[PDB]
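> Next up, work_20.pdb (PDB, C-alpha atoms).
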MODEL        1
ATOM      1  CA  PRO V   1      19.110  27.742  43.126
ATOM      2  CA  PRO V   2      17.788  26.145  40.087
ATOM      3  CA  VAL V   3      15.802  28.167  37.605
ATOM      4  CA  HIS V   4      12.107  28.027  38.386
ATOM      5  CA  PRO V   5      10.065  26.328  35.646
ATOM      6  CA  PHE V   6       8.164  29.601  35.006
ATOM      7  CA  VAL V   7      11.473  31.469  34.476
ATOM      8  CA  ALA V   8      13.118  28.825  32.321
ATOM      9  CA  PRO V   9      11.549  30.057  28.997
ATOM     10  CA  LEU V  10      13.221  33.481  29.656
ATOM     11  CA  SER V  11      16.531  31.994  30.738
ATOM     12  CA  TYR V  12      18.214  33.672  27.720
ATOM     13  CA  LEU V  13      17.837  36.980  29.665
ATOM     14  CA  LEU V  14      19.839  35.872  32.702
ATOM     15  CA  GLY V  15      23.161  37.649  32.972
ATOM     16  CA  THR V  16      24.533  41.135  32.409
ATOM     17  CA  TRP V  17      24.144  43.169  29.225
ATOM     18  CA  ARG V  18      25.895  46.351  28.108
ATOM     19  CA  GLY V  19      25.374  48.582  25.105
ATOM     20  CA  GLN V  20      23.971  51.932  24.081
ATOM     21  CA  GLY V  21      20.765  53.616  23.155
ATOM     22  CA  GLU V  22      19.167  56.759  21.825
ATOM     23  CA  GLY V  23      16.238  58.895  23.000
ATOM     24  CA  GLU V  24      14.075  61.284  21.090
ATOM     25  CA  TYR V  25      10.511  62.635  21.405
ATOM     26  CA  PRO V  26       8.570  65.641  20.057
ATOM     27  CA  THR V  27       9.476  67.805  23.054
ATOM     28  CA  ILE V  28      13.075  66.445  23.360
ATOM     29  CA  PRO V  29      16.100  66.633  21.032
ATOM     30  CA  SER V  30      17.849  63.418  20.437
ATOM     31  CA  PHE V  31      20.265  62.174  23.052
ATOM     32  CA  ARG V  32      22.486  59.029  23.375
ATOM     33  CA  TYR V  33      23.415  57.026  26.432
ATOM     34  CA  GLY V  34      25.244  53.923  27.568
ATOM     35  CA  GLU V  35      23.188  51.249  29.282
ATOM     36  CA  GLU V  36      23.700  48.188  31.441
ATOM     37  CA  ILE V  37      21.017  45.679  32.403
ATOM     38  CA  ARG V  38      21.293  42.750  34.782
ATOM     39  CA  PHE V  39      18.660  39.995  35.014
ATOM     40  CA  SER V  40      19.045  37.631  37.938
ATOM     41  CA  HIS V  41      16.925  35.232  39.997
ATOM     42  CA  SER V  42      16.806  33.359  43.304
ATOM     43  CA  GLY V  43      14.825  30.277  42.298
ATOM     44  CA  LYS V  44      11.419  31.980  42.564
ATOM     45  CA  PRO V  45       9.024  32.542  39.588
ATOM     46  CA  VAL V  46      10.476  36.044  39.232
ATOM     47  CA  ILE V  47      13.429  37.590  37.429
ATOM     48  CA  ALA V  48      15.019  40.645  39.122
ATOM     49  CA  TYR V  49      15.832  43.465  36.705
ATOM     50  CA  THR V  50      18.286  46.293  37.372
ATOM     51  CA  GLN V  51      19.377  48.913  34.891
ATOM     52  CA  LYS V  52      21.522  52.004  34.711
ATOM     53  CA  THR V  53      22.475  54.514  32.066
ATOM     54  CA  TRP V  54      25.411  56.929  31.644
ATOM     55  CA  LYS V  55      26.951  59.566  29.431
ATOM     56  CA  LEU V  56      28.915  57.955  26.636
ATOM     57  CA  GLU V  57      31.932  60.297  26.812
ATOM     58  CA  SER V  58      32.591  60.241  30.445
ATOM     59  CA  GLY V  59      30.686  57.337  32.010
ATOM     60  CA  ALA V  60      28.882  59.961  34.222
ATOM     61  CA  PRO V  61      25.741  58.444  35.723
ATOM     62  CA  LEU V  62      22.350  59.344  34.235
ATOM     63  CA  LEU V  63      19.383  57.313  35.426
ATOM     64  CA  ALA V  64      18.562  53.897  36.977
ATOM     65  CA  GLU V  65      15.600  51.613  37.206
ATOM     66  CA  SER V  66      14.796  48.283  38.782
ATOM     67  CA  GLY V  67      12.002  45.840  39.195
ATOM     68  CA  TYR V  68      10.727  42.336  38.620
ATOM     69  CA  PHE V  69       9.550  40.219  35.685
ATOM     70  CA  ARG V  70       6.882  37.526  36.447
ATOM     71  CA  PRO V  71       6.429  35.160  33.417
ATOM     72  CA  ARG V  72       3.755  32.475  33.411
ATOM     73  CA  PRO V  73       3.519  29.245  31.355
ATOM     74  CA  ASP V  74       0.573  30.515  29.284
ATOM     75  CA  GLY V  75       2.937  33.100  27.719
ATOM     76  CA  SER V  76       1.634  35.957  29.808
ATOM     77  CA  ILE V  77       3.953  38.206  31.814
ATOM     78  CA  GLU V  78       3.700  41.121  34.210
ATOM     79  CA  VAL V  79       6.581  43.432  34.991
ATOM     80  CA  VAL V  80       6.820  46.073  37.766
ATOM     81  CA  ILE V  81       9.445  48.783  37.506
ATOM     82  CA  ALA V  82      10.484  51.690  39.754
ATOM     83  CA  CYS V  83      12.630  54.427  38.223
ATOM     84  CA  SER V  84      15.131  56.852  39.752
ATOM     85  CA  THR V  85      13.103  59.734  38.327
ATOM     86  CA  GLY V  86      10.288  58.817  40.609
ATOM     87  CA  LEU V  87       7.995  56.992  38.182
ATOM     88  CA  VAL V  88       6.542  53.502  38.643
ATOM     89  CA  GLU V  89       5.088  51.214  35.987
ATOM     90  CA  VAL V  90       2.882  48.104  36.003
ATOM     91  CA  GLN V  91       3.492  46.459  32.608
ATOM     92  CA  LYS V  92       1.480  43.509  31.254
ATOM     93  CA  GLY V  93       1.800  41.495  28.088
ATOM     94  CA  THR V  94       3.183  38.384  26.533
ATOM     95  CA  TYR V  95       6.414  36.647  25.657
ATOM     96  CA  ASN V  96       7.006  34.584  22.505
ATOM     97  CA  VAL V  97       9.407  31.740  22.759
ATOM     98  CA  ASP V  98       9.982  31.293  19.031
ATOM     99  CA  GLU V  99      10.728  34.931  18.502
ATOM    100  CA  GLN V 100      12.582  35.438  21.909
ATOM    101  CA  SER V 101      10.436  38.587  22.302
ATOM    102  CA  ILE V 102       8.580  40.231  25.154
ATOM    103  CA  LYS V 103       5.865  42.790  24.500
ATOM    104  CA  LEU V 104       4.493  44.872  27.345
ATOM    105  CA  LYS V 105       1.992  47.729  27.737
ATOM    106  CA  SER V 106       1.353  49.663  30.948
ATOM    107  CA  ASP V 107      -1.657  49.001  33.098
ATOM    108  CA  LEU V 108      -0.553  51.824  35.340
ATOM    109  CA  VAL V 109       1.963  54.639  35.287
ATOM    110  CA  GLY V 110       2.406  56.148  38.739
ATOM    111  CA  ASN V 111       3.672  59.527  39.856
ATOM    112  CA  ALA V 112       4.070  60.920  36.326
ATOM    113  CA  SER V 113       1.104  63.182  35.609
ATOM    114  CA  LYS V 114       2.100  63.996  31.920
ATOM    115  CA  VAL V 115       3.060  60.448  30.726
ATOM    116  CA  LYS V 116      -0.020  58.425  30.282
ATOM    117  CA  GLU V 117       1.046  55.044  28.812
ATOM    118  CA  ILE V 118       4.352  53.342  28.381
ATOM    119  CA  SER V 119       5.063  50.273  26.233
ATOM    120  CA  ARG V 120       8.219  48.232  26.328
ATOM    121  CA  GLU V 121       9.193  45.646  23.753
ATOM    122  CA  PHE V 122      12.260  43.456  23.929
ATOM    123  CA  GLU V 123      13.661  41.120  21.267
ATOM    124  CA  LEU V 124      16.795  38.995  21.173
ATOM    125  CA  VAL V 125      18.423  39.669  17.745
ATOM    126  CA  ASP V 126      21.458  37.597  16.888
ATOM    127  CA  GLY V 127      22.065  37.112  20.574
ATOM    128  CA  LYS V 128      21.857  40.849  21.426
ATOM    129  CA  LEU V 129      19.086  42.352  23.549
ATOM    130  CA  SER V 130      17.178  45.069  21.706
ATOM    131  CA  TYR V 131      14.280  47.104  23.053
ATOM    132  CA  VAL V 132      11.987  49.963  22.224
ATOM    133  CA  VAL V 133      10.267  52.059  24.952
ATOM    134  CA  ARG V 134       7.274  54.083  23.712
ATOM    135  CA  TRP V 135       5.493  56.823  25.663
ATOM    136  CA  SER V 136       2.230  58.658  25.257
ATOM    137  CA  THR V 137       1.253  61.850  26.939
ATOM    138  CA  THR V 138      -2.097  63.711  27.123
ATOM    139  CA  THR V 139      -1.290  65.439  23.819
ATOM    140  CA  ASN V 140       1.238  62.991  22.139
ATOM    141  CA  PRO V 141       0.014  59.522  21.117
ATOM    142  CA  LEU V 142       2.122  56.446  21.956
ATOM    143  CA  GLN V 143       5.331  56.627  19.997
ATOM    144  CA  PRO V 144       9.020  55.769  20.414
ATOM    145  CA  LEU V 145      11.069  57.400  23.134
ATOM    146  CA  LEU V 146      14.067  55.081  23.686
ATOM    147  CA  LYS V 147      15.762  52.361  21.679
ATOM    148  CA  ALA V 148      18.821  50.410  22.622
ATOM    149  CA  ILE V 149      20.865  47.305  21.743
ATOM    150  CA  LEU V 150      22.995  45.518  24.337
ATOM    151  CA  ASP V 151      25.560  42.764  24.087
ATOM    152  CA  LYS V 152      25.579  39.894  26.577
ATOM    153  CA  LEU V 153      28.651  39.935  28.759
TER     154      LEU V 153
ATOM    155  CA  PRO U   1      30.873  60.511  43.644
ATOM    156  CA  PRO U   2      30.217  62.822  46.430
ATOM    157  CA  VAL U   3      26.912  62.710  48.235
ATOM    158  CA  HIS U   4      24.425  65.082  46.663
ATOM    159  CA  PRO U   5      23.363  67.901  49.006
ATOM    160  CA  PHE U   6      19.745  66.620  48.940
ATOM    161  CA  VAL U   7      20.913  63.136  50.043
ATOM    162  CA  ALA U   8      23.320  64.317  52.717
ATOM    163  CA  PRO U   9      20.636  64.620  55.497
ATOM    164  CA  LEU U  10      19.872  60.869  54.953
ATOM    165  CA  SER U  11      23.512  59.847  54.760
ATOM    166  CA  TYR U  12      23.035  57.734  57.933
ATOM    167  CA  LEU U  13      21.105  55.258  55.693
ATOM    168  CA  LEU U  14      23.971  54.609  53.278
ATOM    169  CA  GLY U  15      25.384  51.123  53.615
ATOM    170  CA  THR U  16      24.084  47.611  54.187
ATOM    171  CA  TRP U  17      21.804  46.540  57.029
ATOM    172  CA  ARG U  18      20.854  43.069  58.249
ATOM    173  CA  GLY U  19      18.392  41.916  60.870
ATOM    174  CA  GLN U  20      15.009  40.292  61.281
ATOM    175  CA  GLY U  21      11.357  41.084  61.330
ATOM    176  CA  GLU U  22       7.892  39.769  62.012
ATOM    177  CA  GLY U  23       4.630  39.868  60.045
ATOM    178  CA  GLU U  24       1.090  39.538  61.226
ATOM    179  CA  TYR U  25      -2.343  40.712  60.016
ATOM    180  CA  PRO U  26      -5.980  39.720  60.650
ATOM    181  CA  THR U  27      -6.000  37.237  57.767
ATOM    182  CA  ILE U  28      -2.398  35.997  58.382
ATOM    183  CA  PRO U  29      -0.784  34.134  61.303
ATOM    184  CA  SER U  30       2.409  35.565  62.530
ATOM    185  CA  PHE U  31       5.574  34.794  60.630
ATOM    186  CA  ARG U  32       9.279  35.801  61.064
ATOM    187  CA  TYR U  33      11.913  36.517  58.464
ATOM    188  CA  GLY U  34      15.482  37.672  58.019
ATOM    189  CA  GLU U  35      16.018  40.894  56.110
ATOM    190  CA  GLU U  36      18.808  42.764  54.373
ATOM    191  CA  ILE U  37      18.606  46.314  53.042
ATOM    192  CA  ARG U  38      21.186  48.212  51.029
ATOM    193  CA  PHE U  39      21.013  51.980  50.437
ATOM    194  CA  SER U  40      23.441  53.329  47.873
ATOM    195  CA  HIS U  41      23.833  56.351  45.593
ATOM    196  CA  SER U  42      25.661  57.607  42.505
ATOM    197  CA  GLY U  43      25.903  61.317  43.289
ATOM    198  CA  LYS U  44      22.356  62.124  42.133
ATOM    199  CA  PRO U  45      19.555  63.437  44.444
ATOM    200  CA  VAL U  46      18.351  59.846  44.832
ATOM    201  CA  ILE U  47      19.173  56.937  47.118
ATOM    202  CA  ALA U  48      18.811  53.439  45.582
ATOM    203  CA  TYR U  49      17.101  50.943  47.884
ATOM    204  CA  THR U  50      17.295  47.159  47.556
ATOM    205  CA  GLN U  51      15.905  44.647  49.998
ATOM    206  CA  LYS U  52      15.514  40.923  50.403
ATOM    207  CA  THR U  53      14.053  38.596  52.983
ATOM    208  CA  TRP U  54      14.623  34.915  53.854
ATOM    209  CA  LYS U  55      13.615  32.086  56.134
ATOM    210  CA  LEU U  56      15.467  32.320  59.418
ATOM    211  CA  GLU U  57      16.276  28.596  59.732
ATOM    212  CA  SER U  58      17.613  27.932  56.354
ATOM    213  CA  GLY U  59      18.373  31.250  54.643
ATOM    214  CA  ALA U  60      15.871  30.179  51.880
ATOM    215  CA  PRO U  61      14.825  33.208  49.843
ATOM    216  CA  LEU U  62      11.402  34.768  50.459
ATOM    217  CA  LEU U  63      10.739  38.110  48.804
ATOM    218  CA  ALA U  64      12.626  41.141  47.389
ATOM    219  CA  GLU U  65      11.910  44.752  46.689
ATOM    220  CA  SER U  66      13.760  47.704  45.248
ATOM    221  CA  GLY U  67      13.311  51.318  44.419
ATOM    222  CA  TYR U  68      14.441  54.875  44.976
ATOM    223  CA  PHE U  69      14.242  57.489  47.734
ATOM    224  CA  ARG U  70      14.123  61.188  46.616
ATOM    225  CA  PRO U  71      14.599  63.545  49.649
ATOM    226  CA  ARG U  72      14.298  67.304  49.274
ATOM    227  CA  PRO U  73      15.697  70.114  51.480
ATOM    228  CA  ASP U  74      12.244  71.154  52.731
ATOM    229  CA  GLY U  75      12.026  67.795  54.572
ATOM    230  CA  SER U  76       9.723  66.239  52.020
ATOM    231  CA  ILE U  77      10.481  62.880  50.409
ATOM    232  CA  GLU U  78       8.992  60.594  47.790
ATOM    233  CA  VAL U  79       9.855  56.930  47.488
ATOM    234  CA  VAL U  80       8.990  54.517  44.632
ATOM    235  CA  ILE U  81       9.179  50.790  45.252
ATOM    236  CA  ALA U  82       8.623  47.708  43.067
ATOM    237  CA  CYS U  83       8.155  44.366  44.812
ATOM    238  CA  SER U  84       8.830  40.794  43.690
ATOM    239  CA  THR U  85       5.189  39.959  44.389
ATOM    240  CA  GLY U  86       4.181  42.257  41.618
ATOM    241  CA  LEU U  87       3.082  45.306  43.611
ATOM    242  CA  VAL U  88       4.301  48.880  43.120
ATOM    243  CA  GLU U  89       4.067  51.777  45.560
ATOM    244  CA  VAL U  90       4.386  55.568  45.303
ATOM    245  CA  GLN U  91       5.119  56.729  48.870
ATOM    246  CA  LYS U  92       5.177  60.384  49.973
ATOM    247  CA  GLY U  93       5.976  61.994  53.283
ATOM    248  CA  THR U  94       8.618  63.652  55.352
ATOM    249  CA  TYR U  95      11.920  63.031  57.064
ATOM    250  CA  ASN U  96      12.956  64.506  60.424
ATOM    251  CA  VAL U  97      16.590  65.171  60.943
ATOM    252  CA  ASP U  98      16.467  65.455  64.729
ATOM    253  CA  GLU U  99      14.614  62.217  65.116
ATOM    254  CA  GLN U 100      16.435  60.383  62.180
ATOM    255  CA  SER U 101      12.943  59.269  61.064
ATOM    256  CA  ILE U 102      11.163  58.938  57.747
ATOM    257  CA  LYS U 103       7.386  58.723  57.571
ATOM    258  CA  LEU U 104       5.689  57.749  54.334
ATOM    259  CA  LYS U 105       2.116  57.084  53.164
ATOM    260  CA  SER U 106       1.139  55.733  49.746
ATOM    261  CA  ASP U 107      -0.204  57.967  47.039
ATOM    262  CA  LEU U 108      -0.660  54.911  44.880
ATOM    263  CA  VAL U 109      -0.572  51.155  45.266
ATOM    264  CA  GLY U 110      -0.422  49.432  41.891
ATOM    265  CA  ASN U 111      -1.357  45.934  40.816
ATOM    266  CA  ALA U 112      -2.726  44.891  44.222
ATOM    267  CA  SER U 113      -6.518  45.068  44.074
ATOM    268  CA  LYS U 114      -7.112  44.109  47.815
ATOM    269  CA  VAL U 115      -4.430  46.343  49.474
ATOM    270  CA  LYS U 116      -5.548  49.881  49.381
ATOM    271  CA  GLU U 117      -2.954  51.941  51.319
ATOM    272  CA  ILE U 118       0.482  51.209  52.613
ATOM    273  CA  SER U 119       2.463  53.306  55.106
ATOM    274  CA  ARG U 120       6.119  52.888  55.882
ATOM    275  CA  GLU U 121       7.897  54.480  58.809
ATOM    276  CA  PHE U 122      11.597  54.228  59.499
ATOM    277  CA  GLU U 123      13.517  55.365  62.586
ATOM    278  CA  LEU U 124      17.166  55.041  63.548
ATOM    279  CA  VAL U 125      17.188  53.772  67.187
ATOM    280  CA  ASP U 126      20.560  53.530  68.864
ATOM    281  CA  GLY U 127      22.140  53.227  65.457
ATOM    282  CA  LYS U 128      19.822  50.402  64.282
ATOM    283  CA  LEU U 129      17.287  50.814  61.481
ATOM    284  CA  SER U 130      13.746  50.064  62.626
ATOM    285  CA  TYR U 131      10.608  50.207  60.507
ATOM    286  CA  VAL U 132       6.917  49.509  60.571
ATOM    287  CA  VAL U 133       4.926  48.753  57.367
ATOM    288  CA  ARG U 134       1.148  49.173  57.741
ATOM    289  CA  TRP U 135      -1.467  48.020  55.227
ATOM    290  CA  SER U 136      -5.141  48.689  54.746
ATOM    291  CA  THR U 137      -7.503  46.702  52.637
ATOM    292  CA  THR U 138     -11.127  47.359  51.560
ATOM    293  CA  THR U 139     -12.351  45.781  54.812
ATOM    294  CA  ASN U 140      -9.304  46.216  57.205
ATOM    295  CA  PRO U 141      -8.259  49.751  58.204
ATOM    296  CA  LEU U 142      -4.566  50.733  58.107
ATOM    297  CA  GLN U 143      -2.729  48.730  60.711
ATOM    298  CA  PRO U 144       0.650  47.036  61.199
ATOM    299  CA  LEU U 145       1.754  44.267  58.883
ATOM    300  CA  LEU U 146       5.569  44.126  59.202
ATOM    301  CA  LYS U 147       8.095  45.323  61.749
ATOM    302  CA  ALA U 148      11.810  44.828  61.673
ATOM    303  CA  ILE U 149      15.090  46.012  63.233
ATOM    304  CA  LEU U 150      18.379  45.843  61.332
ATOM    305  CA  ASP U 151      21.966  46.376  62.369
ATOM    306  CA  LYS U 152      24.342  48.381  60.185
ATOM    307  CA  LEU U 153      27.090  46.239  58.749
TER     308      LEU U 153
ENDMDL
END
What is this file in structure tokens?


Amino acid sequence: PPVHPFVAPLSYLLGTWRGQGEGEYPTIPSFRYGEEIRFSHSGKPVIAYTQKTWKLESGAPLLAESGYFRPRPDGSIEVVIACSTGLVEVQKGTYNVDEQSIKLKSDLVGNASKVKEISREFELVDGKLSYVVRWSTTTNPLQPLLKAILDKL
Amino acid sequence: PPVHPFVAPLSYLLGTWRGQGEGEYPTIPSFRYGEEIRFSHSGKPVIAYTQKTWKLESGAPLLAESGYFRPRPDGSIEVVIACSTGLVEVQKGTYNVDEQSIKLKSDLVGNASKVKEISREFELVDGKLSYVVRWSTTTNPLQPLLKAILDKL
């Protein structure tokens, strides 16, 4: 199917990406992980997102998440994500075509009593997908949790 | 990877399923659809769920959803689902090993102002996967929306 006009501005996402990231947070010593993301579509105004992470040494599975990105021609976007840990997120924000960036903040975090807000920001940098995920909790203001850079395969 | 002990009681789900369903609701004339579901795992206490639907005549894509099922040895289960329409659900309930059934009710429906609660009930019937999805809205009490039966491939 052809790319829907609402998806076309984010067509640079479509494909598979692999790289690595790092986590850290006040309660949590730093950790590293491998990551793969696939963005795909079926001609609708939606991009399917699927992700997985693993241990760098061994390739042992860690976590997974999946969901859907819904861009609109005014530059707005909403994203819904379910995670293997049992969290869900409703993310809303904007994409910028000149910067090839997407900036999202949660409207809702479900099933995760301690995390309050989550933000996710993506940017294409020299053709690589970078992101930052920030979390807040009741006692920790919004701050980085995860950062990763992935190459397009 | 081997099946995690918490997933083993739901091992009958693992695989791909294809069949058809029907929708209907007070505001909505009846419609039919084809459906495919895949349940998979990576050795963790989680089953990945992915689903899609299509028009019966043509195979044209309709909707998609995906998420994660987290069974526990006491018979409890939580399920998180993101949908291509932009909804998210946190489902909680129980599974019954003798009946090969799973019965879920939403704790949370996100990003869908009019739908209030969603229930999902699965049952293996002569080896086929059947379900019923019920919805409530502010003015319509919980009642069937979708029902489908799928054969294991």

> Evaluating the ChimeraX specification (/U :<7) & /V on the displayed file yields which residues, as a list in words?

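This file gives the following for the ChimeraX specification (/U :<7) & /V: residues 42, 46, 61, 66, 67, 68, 80, 81, 82, 83, 84, 86, 87, 88, 90, 108, 110 and 111 of chain V.
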
> What is the CA of residue 13 in chain U-CA of residue 102 in chain U distance in Å, reported with one decimal?

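Calculated distance between CA of residue 13 in chain U and CA of residue 102 in chain U is 10.8 Å.
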
> Between CA of residue 97 in chain U and CA of residue 9 in chain U, what is the spacing in Å?

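It comes out at 6.8 Å.
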
> Using Å and a single decimal, report how far CA of residue 106 in chain V sits from CA of residue 10 in chain V.

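Computed distance, CA of residue 10 in chain V to CA of residue 106 in chain V, equals 20.1 Å.
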
> From the set V:34, V:141, V:59, V:93, which residue has the shortest atom-to-atom contact distance to residue 121 in chain V, counting only C-alpha atoms?

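Nearest candidate to residue 121 in chain V out of V:34, V:141, V:59, V:93: V:93.
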
> Hey, what's within 8 Å of residue 124 in chain U if we count all atoms listed in the file and toss same-chain stuff fewer than 5 positions away? As an MDAnalysis selection string, please?

chainID U and resid 99:101 129:130

> Evaluate the PyMOL selection byres ((chain V and resi 150) around 7) on the structure here and hand back the selected residues as a VMD selection string.

chain V and resid 17 to 20 128 to 130 148 to 149 151 to 152

> Would you save the residues from that selection as a CSV table (one decimal), in the coordinates of the input, using C-alpha atoms?


chain,number,residue,atom,x,y,z
V,17,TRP,CA,24.1,43.2,29.2
V,18,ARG,CA,25.9,46.4,28.1
V,19,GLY,CA,25.4,48.6,25.1
V,20,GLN,CA,24.0,51.9,24.1
V,128,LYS,CA,21.9,40.8,21.4
V,129,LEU,CA,19.1,42.4,23.5
V,130,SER,CA,17.2,45.1,21.7
V,148,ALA,CA,18.8,50.4,22.6
V,149,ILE,CA,20.9,47.3,21.7
V,151,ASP,CA,25.6,42.8,24.1
V,152,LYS,CA,25.6,39.9,26.6
